[PDB]
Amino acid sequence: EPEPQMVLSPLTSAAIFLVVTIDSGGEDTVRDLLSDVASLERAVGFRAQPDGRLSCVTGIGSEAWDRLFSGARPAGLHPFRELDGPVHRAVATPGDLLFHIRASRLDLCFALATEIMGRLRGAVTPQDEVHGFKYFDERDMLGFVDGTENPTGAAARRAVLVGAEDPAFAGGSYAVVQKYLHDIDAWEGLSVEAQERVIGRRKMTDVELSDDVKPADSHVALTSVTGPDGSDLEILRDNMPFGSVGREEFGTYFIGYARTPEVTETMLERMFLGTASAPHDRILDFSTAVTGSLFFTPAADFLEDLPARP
């Protein structure tokens, strides 16, 4: 009986990512928005349903949580753990609140972000805002199909949603975000055969590389992680391309939901710190991370009925 937010969304061609920090003494204005946000989603979204598919997933940062809520905390909620790799850095940037707004059209996402930020105006300071558009064939900014091996339906739920491990917050999830910028000129200089050695899948056909062709330092290889037993651990990603052409900004907005942050964090360490037979993820030779933050996205039940302020 707890309802989670729309962490498992259908395919949606548009998205707006909003990350803000809570000003001095903006705690109260925020908690009012947190209650209404579900209702607000419904207002912007209900006409233009069922095509629209407008949703919002709201996330709360580690430190912001303590300023906002009394009572117990989510089990594994900390601030984003910065990774200072030998070559590549996973930076950690400020964010107190996350709004993951998605729809089938960008104007719906825009209308709902306007409502959210309108009532938050004066209590929060914008940190990041990016509008994402999906390609007509699910490909990302590097030209590869993006999202293929995402857990689906029932296993997705089990991989993403808090359960009996933290009963107090079952139905919530942990969201990790990173805004990446690509060296498109560099990447496109590569042969397609060389690019597939980077990702770990065939570009066009989207078939994964056989176990002994797939390089140890390819993306798909490093992001496959298993548990201490004979079973593999997965996350839910909804990557969204973005960019400004004039500024030569070509991006991938990464977002990854998981039952516990330790899964996503493992994958991050393998990509940036590398393993024994892999100095790092080759995707990083073409992708530079300019922000990263960690949030708990609660059950929608938690937002309707908040705890008293600490």
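Throughout, we count residues from 1 along the sequence that is shown.
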Greater mean Cα temperature factor according to the PDB record, 171-179 or 223-231: 223-231
Of 110-118 and 211-219, the one with larger mean CA B-factor: 211-219
Out of 58, 252, 62, 55, residue topping the C-alpha B-factor column of the entry: 62
Position of residue 289 among the chain's modelled residues by C-alpha B-factor, lowest, middle or highest third: lowest
Third of the chain, ranked by Cα B-factor, where residue 133 sits: lowest
CA B-factor ranking of residue 78, expressed as a third of its chain: middle
Position of residue 191 among the chain's modelled residues by C-alpha B-factor, lowest, middle or highest third: lowest
Ranked against its chain, the third holding the CA B-factor of residue 86: lowest
